[PDB]
Each structure stands twice: as C-alpha cells, then as structure tokens.
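Accompanying notes for the structure given below.
A note on names: the letters A, B, ... follow the listed sequences, proteins ahead of strands, and every chain is numbered from 1.
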Amino acid sequence: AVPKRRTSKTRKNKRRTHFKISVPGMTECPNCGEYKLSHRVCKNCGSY
Amino acid sequence: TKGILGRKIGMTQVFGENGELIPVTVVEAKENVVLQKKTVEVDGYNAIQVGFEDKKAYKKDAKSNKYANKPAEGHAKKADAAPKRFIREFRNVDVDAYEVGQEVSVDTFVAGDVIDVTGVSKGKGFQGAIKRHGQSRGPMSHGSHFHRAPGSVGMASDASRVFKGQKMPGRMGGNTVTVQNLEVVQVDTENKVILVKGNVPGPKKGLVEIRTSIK
Amino acid sequence: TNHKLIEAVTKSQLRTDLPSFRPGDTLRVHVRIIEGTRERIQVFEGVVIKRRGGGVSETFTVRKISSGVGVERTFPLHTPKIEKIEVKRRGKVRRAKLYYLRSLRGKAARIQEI
Amino acid sequence: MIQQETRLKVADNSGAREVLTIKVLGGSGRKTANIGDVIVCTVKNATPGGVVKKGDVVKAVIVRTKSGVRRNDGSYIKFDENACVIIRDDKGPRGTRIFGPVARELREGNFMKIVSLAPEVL
Amino acid sequence: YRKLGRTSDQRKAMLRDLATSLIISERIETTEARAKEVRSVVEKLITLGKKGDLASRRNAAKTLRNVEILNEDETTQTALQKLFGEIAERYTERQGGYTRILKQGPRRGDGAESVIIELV
RNA sequence: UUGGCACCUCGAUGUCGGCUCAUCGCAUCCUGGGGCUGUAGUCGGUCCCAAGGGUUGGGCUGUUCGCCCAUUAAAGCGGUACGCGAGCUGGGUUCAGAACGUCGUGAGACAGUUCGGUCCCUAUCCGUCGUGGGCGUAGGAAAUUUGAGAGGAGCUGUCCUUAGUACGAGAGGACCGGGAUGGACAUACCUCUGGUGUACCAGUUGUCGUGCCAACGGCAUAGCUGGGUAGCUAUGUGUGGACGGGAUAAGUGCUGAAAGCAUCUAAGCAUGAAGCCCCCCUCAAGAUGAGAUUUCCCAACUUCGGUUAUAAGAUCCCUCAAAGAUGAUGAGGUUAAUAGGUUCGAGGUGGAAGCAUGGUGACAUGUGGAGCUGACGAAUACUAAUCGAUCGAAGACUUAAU
RNA sequence: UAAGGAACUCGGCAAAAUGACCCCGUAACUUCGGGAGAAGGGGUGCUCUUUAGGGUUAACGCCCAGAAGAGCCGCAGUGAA
C-alpha cells in the first residue's frame with residue numbers, strides 16, 4: 001500500500017529510461033510548401 | 001503415412017458404411033516438395049525438410065512475406081523448386097527414400113492409418129482467473145465480495161515467498177499441441193485433401209503437420 | 001457455397017430420393033432398425049417441428065403423442081437408415097419453429113390443413 | 001440428467017407415485033444419471049394398498065428422461081417427462097404392469113423383463 | 001462493426017445524422033473512426049437511390065432523417081428528394097465507391113485524428 | 001495435546017469455524033511387491049518394502065469434534081503463525097440495549113442462558129504470473145534445427161472367457177493369462193445436441209411525430225413477445241494415462257569357502273515393485289560453455305582518426321485479423337484481392353410494398369418459398385493502402401597442420 | 001440461460017414469483033367487531049347483428065353498452081409501464 005523506503009535519484013532515473021516520445025513521420029510536400037505528416041493532406045500550406 | 005503438411009479448412013460429417021455418423025476435419029495438403037535432406041555425417045541426425053505451399057518469386061522492392069527474398073530463393077532453387085511459405089523437418093521418416101526435389105503426394109497415406117496431428121492452438125487473450133486454470137468461483141451471494149479472484153497464494157512466515165509454479169492470470173494463448181491416435185477416414189487425390197476423424201488444434205487456415213502415430 | 005472443398009468432398013453423400021416438406025406437415029418415416037439377425041422396418045409418424053442446418057449437416061424433428069406422453073425424434077436428413085419418407089398431409093402454420101406445441105395438449109395442439 | 005434431489009414419476013403399478021432420488025450409483029464423485037442407470041430413492045407419494053408404502057428406500061431404473069439420449073447414427077429421442085421403475089435387486093420389476101413408452105436402450109442393460117411389459121419400445 | 005463509445009440507440013441515432021448531413025453538404029469533417037463507419041451507411045443509401053422504385057424510396061426513409069435544402073433559384077427540396085434526384089443520376093454508372101476519406105492532423109483539444117469524408 | 005518457564009513483540013506480531021488456493025513428512029487408508037499364519041478354497045490376521053497417483057454427497061449443531069443417512073477401490077494421520085482476513089465471510093466470543101435463573105443491603109456480578117448489534121488501505125522493494133526494449137555471442141543477414149537443462153503426465157471399477165475348472169463332505173469357489181466397457185481427471189474443438197447472440201427477420205400494447213389515408217420513425221429494460229448467423233461456449237463432440245527397456249527395495253536363489261559339514265556372500269553369478277532413470281507431451285544456446293546446417297551479400301576515401309555512401313536485409317508510415325491491454329505475432333501495400341463498396345451465393349426469418357379479387361366488416365387469397373438480411377464463401381480495382389525517409393558489413397592476433 | 005429445483009447458506013440473504021379489473025367461492029377460532037383480498041377457481045383483443053338499461057336526452061341516438069349471439073386474428077388479448 002505505501003512505499004517502505006524512499007526512491008533514490010538513480011533508481012528514479014533508471015525507471016524513466018523508456019519514458020520518451022519519438023519523431024513523427026514527416027514526408028516533404030514536393031510541389032509547394034513545407035513538411036507534412038505522411039499519408040496526410042495539407043490543402044493549405046502545401047500543394048500536397 | 002510418414003509425414004505431410006497442410007492447411008485446416010473446417011469440419012463436416014460423413015456417414016460410414018453401417019450408417020454411423022462420423023465428425024471429420026478437412027485438411028488440404030497440396031504442393032509438398034522435399035527440400036534439403038539432412039544426414040548424420042553432415043548434421044549429426046537424419047531428417048528430411050519439406051516445404052508446403054509456394055509463394056511468388058523474388059521482386060526488387062517487395063515489402064511483405066508474399067515474395068521470397070534472396071536467401072530463400074537460393075535455398076529453394078538448390079533443389080529445383082519454387083519458394084515455400086512453411087518449412088518443417090521430419091525425423092520419423094526413412095531418409096533413404098525421398099530423393100531431393102520429389103513431390104510428397106497426399107496418397108502416401110491410406111484410409112485406416114493412425115496418425116498424430118500437431119498444430120498451434122488458437123488465441124485466447126488475457127483471460128486468466130477461473131478460465132485459465134479451471135478454478136472455482138466464490139459465492140455469488142450471502143455477503144461474498146469474492147467472486148473470480150484466485151485464492152490464497154502461499155502460507156505465512158515459513159514461506160515468506162510465493163513458489164515457482166503458482167497459477168495466476170496471464171493470457172491463455174496459442175501453444176503447440178499434438179493430438180494422438182486420430183485416424184484417416186478417406187483420401188481424395190484429385191482435390192488433394194485428407195479427412196481426419198475428429199478435430200485438430202488451431203484456427204481455420206492454419207498449418208497442421210500430419211505424422212504417422214508413434215504408439 | 002459453404003466452401004468449395006467442403007462441398008466438393010461431401011457431395012457424394014447427399015440423397016436425391018426425398019420429397020420436399022416444411023414445418024407443420026405430417027410425415028411417415030420408415031426407419032430401418034437392425035435387430036439381432038434381421039432388418040425390420042419401423043414407422044414413426046408425427047408433425048415436423050423444425051428443420052435446421054445445410055448441406056450434409058441438415059436435420060429435422062418430428063413429434064408424436066405415444067401413450068399420453070410426447071415423444072420427439074431427430075434425424076439427419078441424409079442418413080442411410082431412413083429408407084422412405086412420405087408426406088401424409090400439409091399443414092398451414094406461420095413460423096419456422098413450432099416450439100409452442102410442447103406446452104399444448106389434447107385437441108388444442110391440432111394443426112390446420114391446406 | 002437426473003441428480004440428487006430430483007423428483008421422478010413412477011411408471012408401474014407397484015404402489016408408488018412420485019419417488020425422490022437419493023443417490024446416483026456407479027463410482028465415486030458421479031453426478032448425473034440418464035436412461036438405463038440405477039438410482040436409490042425414497043417414496044414421496046403412494047396409493048393406498050400397493051407393495052411399497054411411503055418413506056421406503058428402494059432402487060429404480062430410469063426410463064424415459066427429458067434430456068434424451070443420442071444414438072451412434074446421429075439421431076435423438078427426447079421425451080416429455082422423467083420416469084422410473086422400481087426394481088427387485090436382480091433387474092426384475094417389482095410391479096407387474098408398465099405404462100407409457102420406454103427407450104430401446106434398456107435392452108442393452110439386461111432389463112428384458114421391463115422391455116417385455118412395455119406397451120411401446122422406441 | 002465498431003462501437004463508437006455510445007449505446008446501441010445513441011450510435012444508431014448519430015449515424016443517421018452523420019449520413020444525412022453528408023448528403024446535404026457533399027463534404028464534412030469528423031473523426032476517423034466515425035468516418036470509417038458512415039462510409040458504408042451512405043453507400044447503401046446511394047444504392048437504394050439508384051434502384052428508384054417506390055419500395056426502395058420507402059426503405060431509404062427509415063434512415064435519412066428529415067431536412068429542407070434551399071438551393072439557388074429558391075428551390076426547396078428534402079434530403080430524400082435530393083438523393084433520388086441528383087445523387088443517383090450522378091453515379092449512375094460507378095459500381096460502388098461514391099466516397100473517399102482524406103486524413104488531416106490531430107485536433108488541438110484532444111488528440112483526435114481529424115478527417116474529411118467527401119462524396120466522389 | 002493439557003501443562004511448567006517468562007527469552008522476542010504492549011509508540012499493536014489484531015480474531016474460532018467455514019470458503020478459495022495449496023505445499024511437505026510417512027508412523028500407508030486404496031492401488032503395486034513379499035514373509036509367517038492357528039493360511040483347504042473364497043475371505044482374513046500380523047509383519048516387511050513402497051509417498052507415483054488417488055482419497056464422496058447429504059440431515060443435526062456457530063461449531064472443531066461427534067452421531068446418523070446413502071455411497072466408494074478407499075472414505076489415512078500429521079506439519080505449514082493449531083498454512084491462508086493488505087484473498088472472502090462474520091454464525092460463535094471480550095463492546096455499549098433488554099430479559100430470565102442465581103448471588104449481592106446496594107451500585108452490580110456470573111462465565112450460566114436468551115434476542116439485537118459499522119470488517120479500513122490507489123502495491124514502493126523482494127516474490128510470483130504474463131509480455132516487450134537494449135547489448136552480447138570476432139563480418140552482416142534470412143530460414144531450418146541439436147538438446148545441457150527445466151516443467152507436465154502418472155488413478156481406478158464392473159462384466160465375459162479360462163471355468164463351475166483347481167480346492168472342498170458339501171455349501172461354496174480361484175491363482176496366473178485373454179477380451180470388452182465405465183467413473184473421476186486432463187486439453188483440443190464447434191460437424192452434431194443445446195446456451196448466448198443490444199447494427200438479423202417477424203408479431204404486438206400505449207403515446208408523440210412525418211399535413212390526412214396507407215406506409216414508417218422516436219420513447220417506454222433491447223417496451224414486450226416468437227425465432228436466430230458468425231464469434232465465444234458445456235451440460236456436446238474427439239483424444240490421453242493399465243505399454244516397453246535399464247538399474248534397484250523387501251524377498252527368493254545358484255555356486256561357494258572361512259569353519260574337512262553346513263551356509264544367498266566373504267571372491268563370483270541370477271532374479272525381483274504402478275517406486276528410480278529412460279520411453280510419451282511442452283519449453284529450452286543469456287547453455288556468457290552464447291552450439292550446428294543451407295542459402296544471400298562484400299568499398300572507397302583515409303591522418304583509416306574516422307568520413308561518407310551504401311549491399312543482403314529490416315523498419316518508420318498506411319490497409320487489416322487466424323493475433324492482441326500496449327507493444328509483439330501474422331495477412332497485405334498498385335508488378336496489388338489487405339479492408340470491402342458493388343454483384344452472386346450459403347445460412348436466418350417466413351410470405352414485403354403496390355395493385356387486383358372475395359367479404360357488410362374485422363380480414364382472406366393471388367401476383368410470388370415473396371421481401372429483407374451483422375460478422376460466413378466467391379468474383380470484381382469503383383474507394384483507400386501516394387510520393388518518400390531512416391537504419392544497416394567490410395572478416396583482428398598467436399600457434400600447429402596444410 | 002439446457003437438465004435439475006434450496007442439494008447453497010448460520011439463516012431461501014439476494015433474486016425469482018404474486019400484483020389491475022369482473023364473476024364465482026371462502027376454514028379453525030372469536031372479546032361476535034373480526035379472521036378476509038382467507039385459501040381455491042374462472043374470465044378479458046377486434047368486427048357485425050340482436051337486444052338494450054342508465055335512457056345523454058325529445059330519444060334508439062349522448063354514452064357505459066345493460067346483455068346475448070355470430071364471426072376474425074395471433075405463440076401470447078389489464079399483449080407495454
């Protein structure tokens with residue numbers, strides 16, 4: 001029910017090894033405009 | 001009789017002479033070919049290696065398992081054959097038969113043969129409680145608060161721990177299962193099917209691996 | 001069209017010498033029972049309660065009052081133990097499964113003709 | 001599918017009418033019994049006269065259940081009620097006259113005298 | 001089929017509403033799981049509309065809620081009339097299709113994947 | 001077990017019986033193997049070996065315990081904080097109310113009866129059940145595998161033949177062999193029998209709406225009622241454990257001295273248990289001892305400090321299900337049948353709407369096994385699986401044969 | 001929710017079942033008021049005729065039918081709450 005001992009800095013930081021986010025798909029809109037998300041459509045700010 | 005691979009189609013029934021009902025499983029086993037053959041001098045044990053059903057040829061930018069890749073192409077071409085989906089080894093057969101490249105036909109088996117079938121059982125997700133281990137419920141009534149949980153897990157002090165075989169929730173799932181001493185009811189050479197008496201593991205259109213019975 | 005291979009491999013065991021009927025009809029079924037050293041024919045006559053299934057797996061059920069007691073028999077439609085089936089009368093009903101007959105009695109469980 | 005505490009209907013003229021089942025004979029842990037099985041029972045209702053009185057503990061054989069039985073050719077014989085017949089320690093009936101139909105599975109149990117007296121065996 | 005976080009009658013209700021406003025506007029914006037479900041509800045309506053007879057006009061009235069459209073030249077017609085009138089004559093030779101889905105980015109308030117379902 | 005002692009715990013080690021779930025000992029209840037018998041046969045008595053598996057439903061009491069009713073091959077005795085309340089209950093007893101008996105001058109008391117009486121906690125660490133990411137395994141990959149080790153399984157009844165034979169005055173009645181079938185348990189599956197089946201078909205009540213009739217929609221538990229596909233299922237359908245080899249226990253022996261005889265033992269040689277090791281089923285090279293086979297791929301710059309660009313091969317992303325908490329697994333990504341709109345079927349329901357005819361009318365008949373139809377089988381690129389990006393090797397030394 | 005129907009449990013706890021209206025019938029006991037809604041039975045939709053009282057009213061008509069026949073439909077007629 002309750003923690004018996006406090007958690008140290010090193011154990012807390014080991015537990016957060018996998019707690020991250022990843023970079024998205026990001027294909028480039030060739031005809032006009034900047035990057036867009038892949039398999040998506042950007043009617044404005046992109047020709048694709 | 002010795003060994004063959006096939007897909008599971010479904011179940012039906014057949015009337016045996018003397019007019020008794022026989023439940024039956026339809027197994028379709030076409031395109032069995034002998035690939036590499038292993039020997040005790042090269043490998044340490046005797047076996048033959050069989051491939052079941054053919055996929056498409058190598059394509060430059062394939063992206064699924066529908067097309068063979070270069071190593072599978074080479075391996076399946078060393079014996080003059082097309083690439084296969086499934087490949088298994090049979091150690092119970094006599095290796096001095098079966099030239100490499102032969103076709104294993106469905107009539108190697110005959111009606112009345114006793115066989116063993118090996119599939120992968122089918123897929124039940126996290127189910128654990130009284131479904132996984134066939135355990136009893138608690139009362140549904142008088143004051144209960146205990147319905148589908150597991151019981152106690154262990155003792156006090158003496159075992160300050162649980163034990164290595166304790167039965168707890170954790171996915172039913174898809175193990176490998178062998179059913180022994182079934183029987184061949186009928187062999188159909190034009191459609192390339194075998195009728196097995198009973199039921200065999202796995203979902204429809206899964207791989208079955210028939211072998212002669214060891215007992 | 002159940003599945004090509006299943007229908008192909010069981011097609012040799014379908015019978016063709018069977019009349020058409022539907023639930024509500026009265027039937028006479030000539031059953032071939034095997035005694036010790038004989039093959040006697042025995043007749044079961046009743047009303048068709050239901051028909052389920054398809055292909056070689058099809059079955060039907062007939063109900064009768066024997067000695068004050070209701071009795072039901074279920075047969076596979078294509079079994080070779082049935083030597084003959086004849087339709088005695090056509091009833092007029094309004095559903096496929098006549099389960100309500102199980103609670104009726106006397107002359108309340110009569111079926112209309114036509 | 002007859003288990004302990006099931007009420008049955010007696011189908012002979014031995015005096016009993018509405019026996020209640022105490023035990024399913026067979027082996028340890030056995031739960032249910034069907035057509036052709038022997039049970040131990042107690043008489044809950046009876047006619048004046050008769051050989052069996054009331055609160056007697058007797059043995060009966062099941063004929064005619066409501067769940068029915070399945071035959072090897074794939075056909076079924078469900079009935080409309082549960083019934084039984086009180087027997088005399090050698091599979092011989094205790095009464096002398098059997099009512100209603102019985103199933104042709106007692107014949108493979110050496111219950112020949114019961115099948116002989118039955119009006120209809122199906 | 002898929003439950004859309006609703007009960008049986010809330011689901012059926014908002015699915016008729018989604019199918020009706022697509023026939024009015026030809027083009028609507030919604031979430032992805034809803035689009036993938038209304039896709040197959042709208043095309044059966046268009047199938048009913050291409051048959052044209054009275055028996056099918058009455059089957060289409062079980063869906064297709066009840067609205068008035070005010071087109072140019074002050075023409076007022078119902079949704080059931082617009083369907084059987086011009087939507088059916090448009091796709092009189094397609095053999096299926098009739099709709100396409102286009103994905104957009106995630107919505108701000110929640111992470112929902114936004115989508116445009118249009119009428120080809 | 002009832003006690004003796006007072007060593008841990010009074011800034012809490014918090015409860016009898018039952019339920020759920022077990023695990024160990026053997027001083028053995030059943031099943032296996034034997035010796036003796038005051039063992040004729042069938043049954044028994046007593047002792048020795050043996051822990052593999054098995055070891056029941058009710059009535060009465062809060063009851064442990066016990067008595068009784070029916071079974072069974074058998075209904076073993078103990079340890080685990082008299083196993084198990086951060087897993088459950090709360091009948092009993094050390095709580096406030098009330099009453100009886102009894103004791104007390106009384107307030108009250110008994111350990112005597114009786115009726116009523118609040119069961120808290122979101123799991124940090126070890127442990128256990130499932131499931132992934134990283135690196136390693138002297139080049140990098142794809143697939144198929146050996147098995148050091150580990151887990152699972154391990155029960156037993158009745159009937160028929162030998163044979164009414166052996167035994168026995170008779171009554172009664174076998175050993176050893178050979179066949180059928182069951183009970184309980186395990187685990188795979190949905191053809192059959194059933195259950196469910198809230199986007200399938202039909203009937204029907206009240207009220208509101210679509211202007212009215214007809215036909216429909218909403219709400220009333222899915223309004224209610226009768227059926228029911230796929231999937232998931234037991235009470236349904238299949239299969240398994242009574243085999244065989246090796247070494248042993250109690251026991252039985254052969255030859256054989258010490259000890260001119262005798263003696264199973266001291267040298268030697270056999271035999272002998274549902275127990276030990278294999279045989280049967282599953283996992284298994286993180287087995288850092290990191291194994292084996294088949295096939296695929298192979299570069300330059302360079303200050304080789306590393307930089308690039310890559311190969312075989314993967315992945316991001318997208319369409320999915322025979323898979324699934326997520327991730328993982330498997331089917332596909334246009335040189336395409338992955339979803340699955342359209343067309344055709346299977347199965348389900350049970351005779352649509354409209355019109356016509358008969359009837360005073362409620363209604364009936366015809367057109368017509370009609371119409372409708374989620375998940376199941378086919379066919380068909382009509383809609384969507386676009387264009388792209390990322391990752392990814394360059395085979396070291398020493399010695400001996402060649 | 002098959003088959004069974006208290007075998008559950010300290011204890012039928014919880015759930016299931018009864019339920020509106022009309023007609024018939026109703027025990028022991030009793031302080032003669034009761035018990036009593038004792039228990040236990042049967043019925044109910046729609047259409048058309050005949051009757052047909054309250055007669056709504058001038059009146060059949062307004063309206064419950066006051067009631068009896070003859071028909072029609074369903075698995076089911078206080079068809080839901």
Original post:
Which part of the nucleic acid does B:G198 contact within heavy-atom distance under 4.0 Å: base, sugar-phosphate only, or nothing?
Top reply: sugar-phosphate

Original post:
Is the glycosidic torsion of F:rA12 within 90° of 0, making it syn, or is it anti?
Top reply: syn

Subject >> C1' spacing across the pair G:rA20 / G:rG43, given as an integer number of angstrom >> reply: 14 Å

Original post:
Watson-Crick or G-U wobble, both distances under 3.5 angstrom: are F:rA378 and F:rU343 paired?
Top reply: yes

**OP:** Kindly say if A:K4 contacts the phosphate of F:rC126, meaning a side-chain N or O under 4.0 Å from OP1 or OP2.
**Re:** no

**OP:** Sticking with atom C1', work out how far G:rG77 lies from G:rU47, rounded to a whole angstrom.
**Re:** 15 Å

**OP:** Could you give the distance separating F:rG87 and F:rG340 at their P atoms, to the nearest angstrom?
**Re:** 45 Å

Original post:
When you compare the six-membered rings of F:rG369 and F:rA370, are they both close enough (centres under 5.5 Å) and flat enough to each other (planes under 30°) to count as stacked?
Top reply: no

Original post:
D:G74 near the nucleic acid: base, sugar-phosphate alone, or nothing, with a heavy-atom cut-off under 4.0 Å?
Top reply: nothing

**OP:** Please work out whether G:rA39 sits syn or anti, treating a glycosidic angle within 90° of 0 as syn.
**Re:** anti

Subject >> Nearest listed nucleotide, side chain of B:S141, among F:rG240, G:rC13, F:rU144 >> reply: G:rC13

**OP:** Give a yes or no on whether F:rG291 and F:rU145 are a Watson-Crick or wobble pair, applying the 3.5 Å threshold to both distances.
**Re:** yes

**OP:** Assign C:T74 to base, sugar-phosphate, or nothing according to its heavy-atom contacts below 4.0 angstrom with the strands shown.
**Re:** nothing

**OP:** Return no unless some side-chain N or O of C:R102 is found under 4.0 Å from OP1 or OP2 of G:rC75.
**Re:** no

**OP:** Decide yes or no, distance alone: a donor-acceptor N/O pair under 3.5 angstrom between the base of F:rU380 and the side-chain of E:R94.
**Re:** no

Original post:
Looking at F:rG368, is it paired to F:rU193 in the Watson-Crick or G-U wobble sense, both distances under 3.5 Å?
Top reply: no

Subject >> P atoms of F:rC110 and F:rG104, separation to the nearest Å >> reply: 16 Å

**OP:** In whole angstrom, give me the gap between the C1' atoms of F:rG240 and F:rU282.
**Re:** 15 Å

**OP:** Using only side-chain N and O atoms of B:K122, determine if any of them is under 4.0 Å from OP1 or OP2 of F:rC190.
**Re:** yes

**OP:** Decide if the distance between the centres of the six-membered base rings of F:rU102 and F:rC103 is under 5.5 Å while the angle between those ring planes is under 30 degrees.
**Re:** yes

**OP:** Report which part of the nucleic acid B:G125 touches: base, sugar-phosphate, or nothing (heavy-atom distance under 4.0 Å, all strands).
**Re:** sugar-phosphate

Original post:
Which part of the nucleic acid, if any, lies within reach of B:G154 when heavy atoms closer than 4.0 Å are counted: base, sugar-phosphate only, or nothing?
Top reply: base

Original post:
Which nucleotide sits closest to the side chain of B:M11: F:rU145, F:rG87, F:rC190?
Top reply: F:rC190

Original post:
Which of these nucleotides, G:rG11, F:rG354, F:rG194, is closest to any side-chain atom of B:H142?
Top reply: G:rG11

**OP:** Identify whether any heavy atom of C:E58 sits under 4.0 Å from a base atom; if not, whether one sits that close to sugar-phosphate; answer base, sugar-phosphate or nothing.
**Re:** nothing

Original post:
Do B:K38's NZ or CZ and the ring of B:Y45 fall within the cation-pi criteria of under 6.0 Å and 45°?
Top reply: no

Original post:
Is the glycosidic angle of F:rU89 within 90° of 0, making it syn, or outside that range, making it anti?
Top reply: anti

Original post:
How would you label the contact of B:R132 with the nucleic acid (heavy atoms, under 4.0 Å): base, sugar-phosphate, or nothing?
Top reply: sugar-phosphate

Original post:
If only side-chain N and O atoms of B:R91 are considered, is one of them under 4.0 Å from the OP1 or OP2 phosphate oxygen of F:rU146?
Top reply: yes

**OP:** Give a yes or no on whether a donor-acceptor pair under 3.5 Å exists between the nucleobase atoms of F:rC281, that is its base, and the side chain of B:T178.
**Re:** no

Subject >> Of the listed nucleotides F:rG57, F:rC88, F:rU193, the one nearest the side chain of D:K78 >> reply: F:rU193

**OP:** Would you state whether a donor and an acceptor, one from the side chain of C:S57 and one from the base of F:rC192, lie under 3.5 Å apart?
**Re:** no

Original post:
Contact class for C:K97 (heavy atom, under 4.0 Å): base, sugar-phosphate, or nothing?
Top reply: sugar-phosphate

**OP:** Using the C1' atom on both, measure F:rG91 against F:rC219 and round to a whole Å.
**Re:** 49 Å

Subject >> Closest to the B:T118 side chain, choosing from F:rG377, F:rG313, F:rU282 >> reply: F:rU282

Original post:
Is any N or O donor-acceptor pair between the side chain of B:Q135 and the base of F:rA22 shorter than 3.5 Å?
Top reply: no

Original post:
What orientation do C:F60 and C:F21 show, parallel under 30°, tilted 30 to 60°, or perpendicular over 60°?
Top reply: perpendicular

Original post:
Among F:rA292, F:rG238, F:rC88, which nucleotide sits nearest the side chain of B:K197?
Top reply: F:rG238

Original post:
So what does B:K167 hit on the nucleic acid, given a heavy-atom distance under 4.0 Å: a base, only sugar-phosphate, or nothing?
Top reply: nothing

Original post:
Looking at the six-ring of each base, are F:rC190 and F:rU191 less than 5.5 angstrom apart at the centres and less than 30 degrees apart in plane?
Top reply: no

Original post:
Salt bridge check: are E:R11 and E:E37 linked by an N-O gap of less than 4.0 Å?
Top reply: no

Subject >> Base stack present between G:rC75 and G:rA76, cut-offs 5.5 angstrom and 30 degrees >> reply: yes

Original post:
Is the glycosidic angle of F:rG260 within 90° of 0, making it syn, or outside that range, making it anti?
Top reply: syn

Original post:
Out of F:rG194, F:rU145, F:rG226, which nucleotide sits closest to the side chain of C:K50?
Top reply: F:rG194

Subject >> Phosphate-side-chain proximity, E:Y1 and F:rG374, N/O vs OP1/OP2 below 4.0 Å >> reply: no

**OP:** Report yes if the ring of B:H75 lies under 5.5 Å from the six-membered base ring of F:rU294 with planes under 30°, and no otherwise.
**Re:** no

**OP:** Select one nucleotide: of F:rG57, F:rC189, F:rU295, the one nearest the side-chain heavy atoms of D:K23.
**Re:** F:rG57

Original post:
Reckon B:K63 has a side-chain N or O less than 4.0 Å from the OP1 or OP2 of F:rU315?
Top reply: no

Original post:
Do B:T178 and B:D116 have side-chain atoms, one donor and one acceptor, less than 3.5 Å apart?
Top reply: no

Original post:
When the P atoms of F:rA214 and F:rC363 are considered, how many whole Å apart are they?
Top reply: 11 Å

Original post:
Distance from B:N46 atom CG to B:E89 atom CD, nearest 0.5 Å?
Top reply: 11.0 Å

**OP:** Please check the phosphate of F:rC192 (OP1 and OP2 only) for any side-chain N or O of C:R52 closer than 4.0 Å.
**Re:** yes

Original post:
Across the strands shown, which category fits A:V23 at heavy-atom distances under 4.0 angstrom: base, sugar-phosphate, nothing?
Top reply: nothing

Original post:
Can E:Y98 be said to stack with the base of F:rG341, given centres closer than 5.5 angstrom and planes under 30 degrees apart?
Top reply: no

**OP:** Describe the nucleic acid contact of B:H145 in one word from base, sugar-phosphate, nothing, applying a heavy-atom distance below 4.0 Å.
**Re:** sugar-phosphate

**OP:** May I ask whether F:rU191 and F:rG134 form a pair, defined as Watson-Crick or G-U wobble with both distances under 3.5 Å?
**Re:** no

**OP:** Test the consecutive nucleotides F:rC29 and F:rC30 for base stacking (six-membered ring centres under 5.5 Å, planes under 30 degrees) and report the result as yes or no.
**Re:** yes

Original post:
How far does the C1' atom of F:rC283 sit from the matching atom of F:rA250, given to the nearest Å?
Top reply: 39 Å

Original post:
Distance check: side-chain N/O of C:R94 vs OP1/OP2 of F:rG350, anything under 4.0 Å?
Top reply: no

Original post:
Of the candidate nucleotides F:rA352, F:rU128, F:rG83, which contains the atom at the shortest distance from the side chain of E:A55?
Top reply: F:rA352

Subject >> Residue E:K62, side-chain heavy atoms: nucleotide from F:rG217, F:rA81, F:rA199 that is nearest >> reply: F:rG217

Original post:
Using the glycosidic torsion, which applies to F:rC126: syn (within 90° of 0) or anti (everything else)?
Top reply: anti

**OP:** For D:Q3, answer base if it contacts any base atom (sugar-phosphate contacts may also be present), sugar-phosphate if it contacts only those atoms, and nothing otherwise; contact means non-hydrogen atoms under 4.0 Å.
**Re:** base

